[PDB]
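Accompanying notes for the structure given below.
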Amino acid sequence: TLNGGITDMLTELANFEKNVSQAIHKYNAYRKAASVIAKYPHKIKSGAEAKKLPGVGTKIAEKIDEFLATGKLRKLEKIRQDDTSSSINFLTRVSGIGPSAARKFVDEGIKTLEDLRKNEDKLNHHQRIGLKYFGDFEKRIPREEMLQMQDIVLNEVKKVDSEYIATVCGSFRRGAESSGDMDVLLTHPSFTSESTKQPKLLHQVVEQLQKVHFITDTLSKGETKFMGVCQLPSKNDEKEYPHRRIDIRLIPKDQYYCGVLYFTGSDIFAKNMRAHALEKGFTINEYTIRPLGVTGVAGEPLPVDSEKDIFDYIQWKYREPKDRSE
DNA sequence: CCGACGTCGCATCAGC
DNA sequence: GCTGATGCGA
DNA sequence: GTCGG
Ligand SMILES: Cc1cn([C@H]2C[C@H](O)[C@@H](COP(=O)(O)NP(=O)(O)OP(=O)(O)O)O2)c(=O)[nH]c1=O
Ligand SMILES: [Mn+2]
Ligand SMILES: [Mn+2]
Ligand code: NA
Ligand code: NA
C-alpha cells in the first residue's frame, strides 16, 4: 500500500471509463497502470518516476503529479459531483447490472437502491438476486470462513461420486487472507476433451449442494459453469453468515492444468499472461495453449503436464500462486 | 503516427 | 426452434 | 490511455 492513494485514483478512473464512458480499453489502460504501480516497491515521488513504468504514459503521469501536489484530482472531483455518473457508477455495483443496463435505468429515473427495490419487476433474474444480496456481496470473506466452505464443498462433492476432484482456486489458492468470493474447479474422469461419458456432471454437484442448503441461489447455470450464491451454516442462537457469491467450473480432466492456471488468477495476471502469450506466438485459454502458425491461426494443443509447462512455453519463469497477485 | 488491446461461458435479444 | 450479436461476468 | 513497430 506504498502508493495506495495513486492506485485508488486510477482504479476509480478505470471504473468511470468502463461504467460511464463505456470505453473498455481506457478501463484496461487504467487497470494495468494501477497494477504495475501497486507492485512498485517505492513510494512514488513524481509522475515522471511513474512514467518509467510500462503502462504509465503521459496523461497518467500528469494526474499522478496533480494528485501528489494537491492530494486529489479535479477530474475525479467533478465526476463525483455529477449525478448521472454517480448514479450509473452505483447501479453497476449490483451483480448483473452492467454499464448498459445502469444507464438504461437512470434514464427511467431508477437510480437509487430504493428505486430498485420498488422496481423489482424490471430486473432480470440475475439482477434480482444481485439486489437481494447487495449488502452481503459487499463484504469480504475471511480465510477462516473460506476454509469452512472448502471442506463442505469438497466433502459434498465426495458424496456424489468419489472420483470428483474439487479444487478451490481464485484468490484463496493465492493464499489471500480474505476473498471476494469462492471459486471452485471441478474435474471428473467421465469428462475429458475426448468425450463426455456422463451428462449432468455439474448438475448433480449443484443439486447436492442445494440439498444441504449450502447453495441458496442461482445466477446462471450451464454444463460447465455455475454462477450462484452460497451460505455457511450457523450454530444455535447465533446470527447468520452473510450470503456469498460462488463460481463453479467443470473442466475436462485432461485439461486440468490450463484450467487451474486460468481460475487461480489474478484477473490482471491472467490477462497479462495471455497477452504475453500472443507476443510469444501462442494463444491460451482455460483448456489449452495452442501455437499460432505463420498465418495467425491456432494449431493443435501442446502437451501440458503442469502449470509450469505453460510458463515454459511463453518463456516465463514459474511463479507460485501467491506470487500471481497482479 | 496508429492499430491493437485475453478469451471464454451463460442469459437474452434480434432476425429468420 | 436456430444462429449470431450483445451484455455481463469468470 | 498506452505502446510497439
Ligand atoms: C474477473 C476475471 C476473472 N478471471 C479468472 C482469474 C480469477 O482469479 C478467477 C476467479 O475470478 P474472480 O473470483 O472474479 N477473481 P479472484 O478470486 O482472483 O478475486 P476475489 O478474491 O474474488 O476478488 O477467474 C479472469 O481470467 N478474467 C477476469 O476478468
Ligand atoms: Mn474469487
Ligand atoms: Mn469468482
Ligand atoms: Na511507461
Ligand atoms: Na454489476
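Naming convention: chains lettered A, B, ... in sequence-line order (proteins, then strands); numbering from 1 in each chain.
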Among B:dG9, D:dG1, B:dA11, which nucleotide sits nearest the side chain of A:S220?
B:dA11

Rounding to the closest angstrom, what is the interatomic distance between B:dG6 and C:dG9 at atom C1'?
14 Å

Just to be sure I understand the rule, does A:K221 reach a base, reach only the sugar-phosphate, or reach nothing, if contact means heavy atoms closer than 4.0 Å?
sugar-phosphate

Name all residues meeting the salt bridge (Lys or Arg N to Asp or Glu O under 4.0 Å) criterion together with A:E77; count only those two or more places apart in sequence or in a different chain, and write none if there are none.
A:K72, A:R80

Expected rows: protein N/O vs nucleotides 3-5 of chain D N/O, under 3.5 Å:
unit_1, atom_1, unit_2, atom_2, d
D:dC3, OP1, A:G55, N, 3.0
D:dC3, OP1, A:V56, O, 3.1

Give A:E17 one of three labels, base, sugar-phosphate or nothing, depending on what nucleic acid heavy atoms sit under 4.0 Å from its own.
nothing

Hey, which of these two, A:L202 or A:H25, hits DNA chain B nearer its 5' end, going by closest nucleotide?
A:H25

Heavy-atom contacts, protein to nucleotides 1-10 of chain C, under 4.0 Å, summarised as B (base), S (sugar-phosphate only) or - (none) per nt, yield ------SSSB

Between A:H203 and A:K221, do the side chains contain a donor N or O and an acceptor N or O under 3.5 Å apart?
yes

Between A:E238 and A:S234: side-chain donor-acceptor atoms closer than 3.5 Å
no

Touch check for A:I24, heavy atoms < 4.0 angstrom, all strands: base, sugar-phosphate only, or nothing?
nothing

How far, in whole Å, is D:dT2 from B:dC8 if one measures between their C1' atoms?
25 Å

Taking atom types as modelled and ignoring hydrogens, do the side chains of A:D309 and A:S306 form a donor-acceptor contact shorter than 3.5 angstrom?
yes

NZ/NE/NH1/NH2 to OD/OE distance under 4.0 Å, A:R290 and A:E300:
no

Just checking, is any N or O donor in the side chain of A:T192 or A:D254 under 3.5 Å from an acceptor N or O on the other one?
no

Options D:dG1, B:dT7, B:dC10, nucleotide nearest the side-chain atoms of A:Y30
D:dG1

Spacing of A:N19 atom CG and A:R93 atom CZ [to the nearest 0.5 Å]:
10.5 Å

Closest listed nucleotide, where the reference is the side chain of A:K63 and the choices are D:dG1, B:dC8, B:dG6
D:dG1

When you compare the side chains of A:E12 and A:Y30, does any donor N or O come within less than 3.5 Å of an acceptor on the partner?
no

